[PDB]
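**Q** Handing over query-v5.json, JSON, C-alpha atoms.
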[["chain", "number", "residue", "atom", "x", "y", "z"],
["A", 5, "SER", "CA", 93.49, 90.55, 125.14],
["A", 6, "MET", "CA", 97.38, 90.44, 125.14],
["A", 7, "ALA", "CA", 100.17, 88.02, 124.03],
["A", 8, "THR", "CA", 102.05, 86.56, 127.06],
["A", 9, "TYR", "CA", 105.90, 86.68, 126.93],
["A", 10, "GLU", "CA", 106.16, 83.01, 128.01],
["A", 11, "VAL", "CA", 103.79, 81.82, 125.24],
["A", 12, "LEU", "CA", 105.72, 83.83, 122.61],
["A", 13, "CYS", "CA", 108.91, 81.79, 123.27],
["A", 14, "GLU", "CA", 107.04, 78.44, 122.89],
["A", 15, "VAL", "CA", 105.70, 79.64, 119.47],
["A", 16, "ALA", "CA", 109.25, 80.56, 118.26],
["A", 17, "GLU", "CA", 110.69, 77.12, 119.10],
["A", 18, "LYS", "CA", 107.93, 75.28, 117.12],
["A", 19, "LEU", "CA", 108.36, 77.42, 113.95],
["A", 20, "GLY", "CA", 110.22, 75.94, 110.99],
["A", 21, "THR", "CA", 112.78, 77.53, 108.60],
["A", 22, "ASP", "CA", 110.14, 78.61, 106.09],
["A", 23, "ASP", "CA", 107.29, 79.48, 108.59],
["A", 24, "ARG", "CA", 109.47, 82.13, 110.32],
["A", 25, "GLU", "CA", 109.50, 84.37, 107.16],
["A", 26, "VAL", "CA", 105.72, 84.19, 106.84],
["A", 27, "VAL", "CA", 104.84, 85.14, 110.47],
["A", 28, "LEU", "CA", 107.28, 88.10, 110.58],
["A", 29, "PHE", "CA", 105.77, 89.47, 107.33],
["A", 30, "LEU", "CA", 102.20, 89.37, 108.76],
["A", 31, "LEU", "CA", 103.37, 91.21, 111.89],
["A", 32, "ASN", "CA", 104.91, 94.06, 109.72],
["A", 33, "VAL", "CA", 108.38, 93.68, 111.45],
["A", 34, "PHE", "CA", 110.20, 91.45, 109.00],
["A", 35, "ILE", "CA", 113.69, 90.05, 108.99],
["A", 36, "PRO", "CA", 114.85, 87.86, 106.11],
["A", 37, "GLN", "CA", 116.10, 84.29, 106.89],
["A", 38, "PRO", "CA", 115.87, 84.65, 110.69],
["A", 39, "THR", "CA", 117.52, 82.71, 113.54],
["A", 40, "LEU", "CA", 115.75, 81.82, 116.87],
["A", 41, "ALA", "CA", 117.33, 84.97, 118.40],
["A", 42, "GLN", "CA", 116.15, 87.14, 115.49],
["A", 43, "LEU", "CA", 112.59, 85.76, 115.63],
["A", 44, "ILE", "CA", 112.16, 86.21, 119.40],
["A", 45, "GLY", "CA", 113.97, 89.57, 119.18],
["A", 46, "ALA", "CA", 111.28, 90.99, 116.88],
["A", 47, "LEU", "CA", 108.41, 89.37, 118.86],
["A", 48, "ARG", "CA", 109.69, 90.86, 122.17],
["A", 49, "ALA", "CA", 109.70, 94.34, 120.51],
["A", 50, "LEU", "CA", 106.02, 93.93, 119.55],
["A", 51, "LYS", "CA", 104.91, 92.70, 122.99],
["A", 52, "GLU", "CA", 106.98, 95.62, 124.57],
["A", 53, "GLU", "CA", 105.56, 98.30, 122.19],
["A", 54, "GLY", "CA", 101.94, 97.01, 122.86],
["A", 55, "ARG", "CA", 101.35, 95.89, 119.27],
["A", 56, "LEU", "CA", 101.35, 92.13, 119.91],
["A", 57, "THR", "CA", 97.71, 91.47, 120.99],
["A", 58, "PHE", "CA", 96.38, 87.92, 121.55],
["A", 59, "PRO", "CA", 93.92, 87.84, 118.55],
["A", 60, "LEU", "CA", 96.62, 89.30, 116.28],
["A", 61, "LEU", "CA", 98.83, 86.26, 117.12],
["A", 62, "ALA", "CA", 95.89, 83.79, 117.04],
["A", 63, "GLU", "CA", 94.95, 84.99, 113.53],
["A", 64, "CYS", "CA", 98.68, 85.16, 112.59],
["A", 65, "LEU", "CA", 99.03, 81.40, 113.13],
["A", 66, "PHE", "CA", 95.63, 80.56, 111.48],
["A", 67, "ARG", "CA", 96.61, 82.56, 108.32],
["A", 68, "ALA", "CA", 100.22, 81.20, 108.27],
["A", 69, "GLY", "CA", 99.02, 77.58, 108.09],
["A", 70, "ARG", "CA", 99.83, 76.35, 111.58],
["A", 71, "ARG", "CA", 96.39, 75.35, 112.87],
["A", 72, "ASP", "CA", 98.06, 72.71, 115.12],
["A", 73, "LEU", "CA", 99.50, 75.42, 117.46],
["A", 74, "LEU", "CA", 96.16, 77.12, 118.32],
["A", 75, "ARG", "CA", 95.08, 74.12, 120.38],
["A", 76, "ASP", "CA", 98.69, 73.47, 121.61],
["A", 77, "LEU", "CA", 99.83, 76.76, 123.19],
["A", 78, "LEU", "CA", 96.93, 79.21, 122.84],
["A", 79, "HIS", "CA", 94.40, 76.50, 123.94],
["A", 80, "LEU", "CA", 91.84, 77.66, 121.38],
["A", 81, "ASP", "CA", 89.62, 75.58, 119.05],
["A", 82, "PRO", "CA", 90.78, 76.21, 115.44],
["A", 83, "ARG", "CA", 87.31, 75.10, 114.20],
["A", 84, "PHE", "CA", 85.63, 77.85, 116.35],
["A", 85, "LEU", "CA", 88.33, 80.38, 115.29],
["A", 86, "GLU", "CA", 87.75, 79.40, 111.60],
["A", 87, "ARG", "CA", 83.95, 79.92, 111.97],
["A", 88, "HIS", "CA", 84.71, 83.09, 114.05],
["A", 89, "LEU", "CA", 87.25, 84.91, 111.81],
["A", 90, "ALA", "CA", 84.82, 84.48, 108.85],
["A", 91, "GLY", "CA", 82.16, 86.99, 110.03],
["A", 92, "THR", "CA", 84.81, 88.94, 112.00],
["A", 93, "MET", "CA", 86.98, 91.51, 110.22],
["A", 94, "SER", "CA", 90.65, 90.59, 109.54],
["A", 95, "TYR", "CA", 93.53, 92.26, 111.47],
["A", 96, "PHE", "CA", 95.70, 92.14, 108.32],
["A", 97, "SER", "CA", 95.40, 94.19, 105.14],
["A", 98, "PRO", "CA", 94.19, 92.65, 101.84],
["A", 99, "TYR", "CA", 97.66, 93.56, 100.51],
["A", 100, "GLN", "CA", 99.41, 91.40, 103.23],
["A", 101, "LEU", "CA", 96.92, 88.57, 102.60],
["A", 102, "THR", "CA", 97.43, 88.75, 98.76],
["A", 103, "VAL", "CA", 101.27, 88.58, 99.03],
["A", 104, "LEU", "CA", 101.04, 85.53, 101.32],
["A", 105, "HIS", "CA", 98.69, 83.78, 98.85],
["A", 106, "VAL", "CA", 100.89, 84.63, 95.78],
["A", 107, "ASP", "CA", 103.78, 83.09, 97.78],
["A", 108, "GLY", "CA", 102.01, 79.71, 98.16],
["A", 109, "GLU", "CA", 101.06, 79.50, 94.45],
["A", 110, "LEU", "CA", 104.73, 79.73, 93.28],
["A", 111, "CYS", "CA", 106.91, 76.85, 92.05],
["A", 112, "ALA", "CA", 110.65, 76.12, 92.64],
["A", 113, "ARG", "CA", 111.34, 76.82, 88.93],
["A", 114, "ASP", "CA", 109.60, 80.23, 89.25],
["A", 115, "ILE", "CA", 111.25, 81.15, 92.55],
["A", 116, "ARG", "CA", 114.76, 80.70, 91.09],
["A", 117, "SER", "CA", 113.73, 82.56, 87.89],
["A", 118, "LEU", "CA", 112.43, 85.40, 90.19],
["A", 119, "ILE", "CA", 115.99, 86.03, 91.43],
["A", 120, "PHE", "CA", 117.72, 85.93, 87.97],
["A", 121, "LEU", "CA", 115.12, 88.27, 86.43],
["A", 122, "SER", "CA", 115.31, 91.10, 89.09],
["A", 129, "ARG", "CA", 121.40, 93.09, 98.50],
["A", 130, "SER", "CA", 120.09, 90.43, 96.08],
["A", 131, "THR", "CA", 116.99, 88.56, 97.42],
["A", 132, "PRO", "CA", 118.49, 85.18, 98.56],
["A", 133, "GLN", "CA", 115.91, 82.44, 97.67],
["A", 134, "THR", "CA", 112.76, 84.19, 99.08],
["A", 135, "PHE", "CA", 109.58, 85.57, 97.51],
["A", 136, "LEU", "CA", 108.77, 87.51, 100.75],
["A", 137, "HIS", "CA", 112.41, 88.69, 100.74],
["A", 138, "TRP", "CA", 111.84, 90.22, 97.24],
["A", 139, "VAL", "CA", 108.59, 91.89, 98.43],
["A", 140, "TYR", "CA", 110.50, 93.33, 101.46],
["A", 141, "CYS", "CA", 113.00, 94.91, 98.99],
["A", 142, "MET", "CA", 110.17, 96.66, 97.16],
["A", 143, "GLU", "CA", 108.79, 98.03, 100.49],
["A", 144, "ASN", "CA", 112.12, 99.81, 101.13],
["A", 145, "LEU", "CA", 112.59, 100.68, 97.38],
["A", 146, "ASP", "CA", 109.04, 102.19, 97.11],
["A", 147, "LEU", "CA", 107.86, 99.82, 94.33],
["A", 148, "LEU", "CA", 105.34, 97.61, 96.22],
["A", 149, "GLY", "CA", 102.71, 98.86, 98.61],
["A", 150, "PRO", "CA", 99.00, 98.59, 99.45],
["A", 151, "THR", "CA", 98.44, 101.49, 97.01],
["A", 152, "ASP", "CA", 100.64, 100.21, 94.17],
["A", 153, "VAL", "CA", 100.96, 96.54, 93.18],
["A", 154, "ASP", "CA", 101.90, 97.00, 89.47],
["A", 155, "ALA", "CA", 105.58, 96.08, 90.16],
["A", 156, "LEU", "CA", 104.35, 92.55, 91.11],
["A", 157, "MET", "CA", 101.85, 92.39, 88.19],
["A", 158, "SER", "CA", 104.60, 92.97, 85.64],
["A", 159, "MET", "CA", 106.94, 90.46, 87.35],
["A", 160, "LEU", "CA", 104.05, 87.89, 87.25],
["A", 161, "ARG", "CA", 103.24, 88.37, 83.55],
["A", 162, "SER", "CA", 106.95, 88.35, 82.63],
["A", 163, "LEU", "CA", 107.52, 85.04, 84.42],
["A", 164, "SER", "CA", 104.91, 82.37, 83.51],
["A", 165, "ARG", "CA", 102.13, 82.66, 86.17],
["A", 166, "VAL", "CA", 99.76, 84.75, 84.02],
["A", 167, "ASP", "CA", 96.83, 82.96, 85.78],
["A", 168, "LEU", "CA", 97.76, 84.63, 89.11],
["A", 169, "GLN", "CA", 97.21, 88.16, 87.67],
["A", 170, "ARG", "CA", 93.39, 87.72, 87.85],
["A", 171, "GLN", "CA", 93.27, 87.11, 91.67],
["A", 172, "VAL", "CA", 95.95, 89.78, 92.14],
["A", 173, "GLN", "CA", 93.90, 92.34, 90.10],
["A", 174, "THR", "CA", 91.03, 91.63, 92.52],
["A", 175, "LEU", "CA", 93.01, 91.76, 95.76]]
Rewrite the structure of this file - the entire thing - as structure tokens.

**A**
Amino acid sequence: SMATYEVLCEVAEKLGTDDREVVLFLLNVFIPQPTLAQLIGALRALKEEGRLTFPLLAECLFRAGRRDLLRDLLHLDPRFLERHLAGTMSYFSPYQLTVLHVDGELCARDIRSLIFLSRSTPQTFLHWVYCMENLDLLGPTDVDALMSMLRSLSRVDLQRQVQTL
């Protein structure tokens, strides 16, 4: 299965300011605070270098939290895809899935404190994680740079799920 170029444009229009950052992270190619041109520009490069398969995008929208779109553009049943991607193995790494979950369990007070504690990561948790990818501090092998930043913030309860995944 493969992601159609025409469908890819319809997904980029219906993606909000905050959703953009999440999708790009799950697809590996990430650009912080992206415009419509920047979002389609990365998507076109994945569907041109064969990487953008149909179930990679179907799962990408199911994991991002946009279950409305599966039945809108992809014409899939999100209830069947939910029951399907449970027994089926996930396209994404448990490191990509952990970062996305840690993102959701963060508060506005913590996200501002994140910046003042640590280019200089403009108002994004995924933007800070992207810095560590280039600065060799966060990776699927090493997540202790995040564990220290979690303990030294307030969310000490998130270190248990992180230590697992």

**Q** I need the residue nearest residue 36 (chain A) from this list: A:22, A:97, A:70, A:174. Use only C-alpha atoms for the distance.

**A**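 Checking each candidate against residue 36 (chain A), we get A:22 as the closest.
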
**Q** As an exercise, work out the distance from CA of residue 68 (chain A) to CA of residue 147 (chain A) in Å and give it to one decimal place.

**A**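 Answer for the CA of residue 68 (chain A) to CA of residue 147 (chain A) separation: 24.5 Å.
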
**Q** Using CA of residue 175 (chain A) and CA of residue 56 (chain A) as the two end points, give the distance in Å to one decimal.

**A**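 Separation between CA of residue 175 (chain A) and CA of residue 56 (chain A): 25.6 Å.
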
**Q** Select, from A:77, A:43, A:153, A:85, the residue with the minimum atom-to-atom distance to residue 19 (chain A), counting only C-alpha atoms.

**A**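 The shortest atom-to-atom distance to residue 19 (chain A) comes from A:43.
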
**Q** Extract, using all atoms listed in the file, all DNA, RNA and protein residues at most 10 Å from region 160-164 of chain A, discarding same-chain residues fewer than 3 positions from it, and format them as a ChimeraX atom specification.

**A** /A:106,114-115,117-118,121,154-157,167-169,172

**Q** Restricting the calculation to all atoms listed in the file, which member of A:47, A:171, A:30, A:100 is positioned closest to residue 65 (chain A)?

**A**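 Among the listed residues, A:30 lies closest to residue 65 (chain A).
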
**Q** Measuring between all atoms listed in the file, which one of A:80, A:7, A:16, A:64 shows the shortest distance to residue 29 (chain A)?

**A**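 Ranked by minimum distance to residue 29 (chain A), first place goes to A:64.
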
**Q** Find the spatial neighbours of residue 54 (chain A), counting only C-alpha atoms, within a cut-off of 12 Å - ignore same-chain residues fewer than 3 positions away - and output them as a count of residues only.

**A** 13

**Q** Pick out the closest residue to residue 73 (chain A) from this set: A:14, A:86, A:109, A:143. Count only C-alpha atoms.

**A**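 Between A:14, A:86, A:109, A:143, the residue approaching residue 73 (chain A) most closely is A:14.
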
**Q** Which residue is closest to residue 152 (chain A)? Choose from A:173, A:21, A:131, A:42 and count all atoms listed in the file.

**A**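 For residue 152 (chain A), the nearest of the candidates is A:173.
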
**Q** CA of residue 67 (chain A) and CA of residue 136 (chain A), how far apart in Å?

**A**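 A separation of 15.2 Å between them.
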